[PDB]
Every structure is written in structure tokens, then in C-alpha cells.
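Undergrad: Requesting a structural model of the entry that follows:
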Amino acid sequence: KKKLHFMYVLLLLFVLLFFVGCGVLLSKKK
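TA: Numbering: from 1, shown residues only. Shown next is the protein structure:
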């Protein structure tokens, strides 16, 4: 069961970089 959780927890690291990635796109002007 932990095999699944260990696969999702690594996704979170991608989520943060995903949101901040677009944050600079908009903050660049508006």
C-alpha cells in the first residue's frame, strides 16, 4: 500500500514547481 503513497508524495514536488512556474509568467507584467 505504501508503494502507492510513495508515488504520489513525489508528485507534490512537481506541484510546487508547477504553480510557481506560471506565477512568474503573470507576475512578469500583471
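
Undergrad: burial count for residue 6?
TA: 9 (other Cβ atoms under 10 Å). C-beta: built from backbone N, CA, C; applies to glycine.

Undergrad: could you check the distance from it over to residue 19?
TA: Distance from residue 6 to residue 19, counting by Cβ to Cβ, to the nearest Å: 22 Å.

Undergrad: ok, now which ones touch residue 4?
TA: Counting by Cβ atoms under 8 Å, 6 or more residues apart in numbering, residue 4 makes contact with nothing.

Undergrad: Please tell me how far residue 4 sits from residue 10.
TA: Applying Cβ to Cβ to residue 4 and residue 10 gives a distance of 11 Å.

Undergrad: And the residue most central in space within the chain, how far from residue 22?
TA: When Cα atoms, centre = their mean is applied to the chain, the residue found nearest the centroid is residue 15 (1.3 Å). Distance of residue 15 to residue 22, given as Cβ to Cβ: 12 Å.

Undergrad: Ok, residue 6 next?
TA: Shown here: residue 6 relative to residue 22, a distance of 27 Å by Cβ to Cβ.

Undergrad: and stretch 10-28, how far from the chain's centre?
TA: 6 Å (Cα atoms, centre = their mean, to the nearest Å).

Undergrad: Number the residues from 43 up from this point.
TA: Okay, using 43 as the starting number, the last item reads as stretch 52-70.

Undergrad: Run through who's touching it.
TA: So stretch 52-70 is in contact with no residue, going by Cβ under 8 Å, 6+ apart.

Undergrad: And it, what's buried?
TA: Judged by neighbour count (16 or more other Cβ atoms under 10 Å), stretch 52-70 contains no buried residues.

Undergrad: Using PDB, list the CA coordinates for it.
TA: What follows is stretch 52-70 as a C-alpha-only set of coordinates in PDB (Å, rounded to 0.1, in the frame of the first residue of the first chain):
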ATOM      1  CA  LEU A  52       7.000  12.600  -5.200                       C
ATOM      2  CA  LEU A  53       4.400  14.300  -7.300                       C
ATOM      3  CA  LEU A  54       3.900  17.100  -4.700                       C
ATOM      4  CA  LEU A  55       7.500  18.300  -5.500                       C
ATOM      5  CA  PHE A  56       6.200  18.800  -9.100                       C
ATOM      6  CA  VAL A  57       3.100  20.600  -8.000                       C
ATOM      7  CA  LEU A  58       5.000  23.400  -6.300                       C
ATOM      8  CA  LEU A  59       7.300  23.900  -9.300                       C
ATOM      9  CA  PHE A  60       4.100  23.800 -11.400                       C
ATOM     10  CA  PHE A  61       2.300  26.700  -9.600                       C
ATOM     11  CA  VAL A  62       5.400  28.900  -9.200                       C
ATOM     12  CA  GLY A  63       6.300  28.200 -12.800                       C
ATOM     13  CA  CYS A  64       3.200  30.100 -14.000                       C
ATOM     14  CA  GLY A  65       3.400  32.600 -11.200                       C
ATOM     15  CA  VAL A  66       6.400  34.300 -12.800                       C
ATOM     16  CA  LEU A  67       4.700  34.300 -16.200                       C
ATOM     17  CA  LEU A  68       1.900  36.500 -14.900                       C
ATOM     18  CA  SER A  69       4.000  38.400 -12.300                       C
ATOM     19  CA  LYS A  70       6.300  39.300 -15.300                       C
END
